[PDB]
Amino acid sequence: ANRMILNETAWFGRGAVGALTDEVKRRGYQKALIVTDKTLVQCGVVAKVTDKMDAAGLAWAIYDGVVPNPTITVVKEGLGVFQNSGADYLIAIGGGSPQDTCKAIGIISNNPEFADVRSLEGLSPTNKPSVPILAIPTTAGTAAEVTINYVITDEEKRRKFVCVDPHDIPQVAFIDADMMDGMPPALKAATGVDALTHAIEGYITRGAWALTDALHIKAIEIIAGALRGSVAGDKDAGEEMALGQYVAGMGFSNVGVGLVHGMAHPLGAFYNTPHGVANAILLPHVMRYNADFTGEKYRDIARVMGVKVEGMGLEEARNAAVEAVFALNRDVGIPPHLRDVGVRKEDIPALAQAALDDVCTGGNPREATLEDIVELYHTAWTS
């Protein structure tokens, strides 16, 4: 039997954050800790929420120390602020980095045996639910608002570790493209192909079943249809991307992903490479490696990505699916090689071993050897 964890409540559309003050009053919460980053404060995205809270007379404090690929140190800093704030709930404003930091703070506040942070890795044996979290994404992006995962960087051990825990699921998600419009086009592109990686890896993962298949192929269709338009600055395409990224999460949270995520995590740990850019570069290479273990699923992918599949045999449709991803990466200006974003040739053996050991790698439909991964890194390295 298959489990699904989802948000009990989610609001979708431009103006969705408009529902937040009423959700807070109905729940009877007294004071928020807002978990975010300095950029979101600096650009006025956090004010879009706090101005509404002030108008409704709701108490809040703020922690804005979150950095990309958030570290054990960032979690402990935000824990200290939460525990000294007297807040009874959390509001996560931002991408994967603040949302994952917020999940770690909420879990530890109600489960103090785990306050060292690294002991949360894997299926966290938590006794108690998280401090309640209201989750507000600002990237079109990670679906952290709907997943049971969070990823923290262990700086001492040079590794990203995955914490999987139904106790961390947000009580409410607010998916509001008004919070996302300020993303630079390069960030829309990187978070957009991250969402596409989620959708494609989830579609072909080993745990895949009828319900996740239906969410994944819809997510692929929405994202492939909208990403070029959203990068270009189309307001409607931005609204489509906000939904697409979420629908992908509803699936992959519950069944898993594969080798793209497994290979992208070590790049994050070694070089602080943005998650989206690493995923985007690796995706078409990993799809080519997986092609023969995906049944007819690349023909569905090719179709929803606008390839004419009427005539094509399955082998041509598989190759056309991979070429559709190459062409999308080109079109939204993702760098084509790992060397371009600060990877070292010398590191690939260590990267390959960290990828083989990464939990995400287990979901890959083709059994990955150390030797295959080494070769996959070399292929994405350069011409």
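Residues carry their position along the shown sequence, with the first being 1.
A.B. asks: When the Cα temperature factors in the entry are averaged, is it 277-285 or 155-163 that ends up higher?
C.D. replies: Comparing 155-163 with 277-285, the higher mean C-alpha B-factor belongs to 155-163.
A.B. asks: Test of understanding: from the entry's C-alpha B-factors, which stretch has the higher mean, 259-267 or 168-176?
C.D. replies: The stretch with the larger mean CA B-factor is 259-267.
A.B. asks: Per the entry, which of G192, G80, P137, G313 tops the list for Cα B factor?
C.D. replies: Of the options given, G313 has the highest CA B-factor in the PDB entry.
A.B. asks: Mind checking which third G141 falls in for C-alpha B-factor across the chain?
C.D. replies: Middle third, going by the recorded CA B-factors of the chain.
A.B. asks: Where does the C-alpha B-factor of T382 rank in its chain, lowest, middle or highest third?
C.D. replies: For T382, the deposited C-alpha B-factor lands in the highest third.
A.B. asks: Split the chain's modelled residues into thirds by Cα B-factor; is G249 in the lowest, middle or highest one?
C.D. replies: It falls in the bottom third of the chain.
A.B. asks: Could you look up the Cα B-factor of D292 in the entry and say which third of the chain it sits in: lowest, middle or highest?
C.D. replies: It belongs to the highest third of the chain when residues are ordered by C-alpha B-factor.
A.B. asks: Is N127 in the lowest, middle or highest third of its chain when residues are ranked by C-alpha B-factor?
C.D. replies: Highest third of the chain for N127's C-alpha B-factor.
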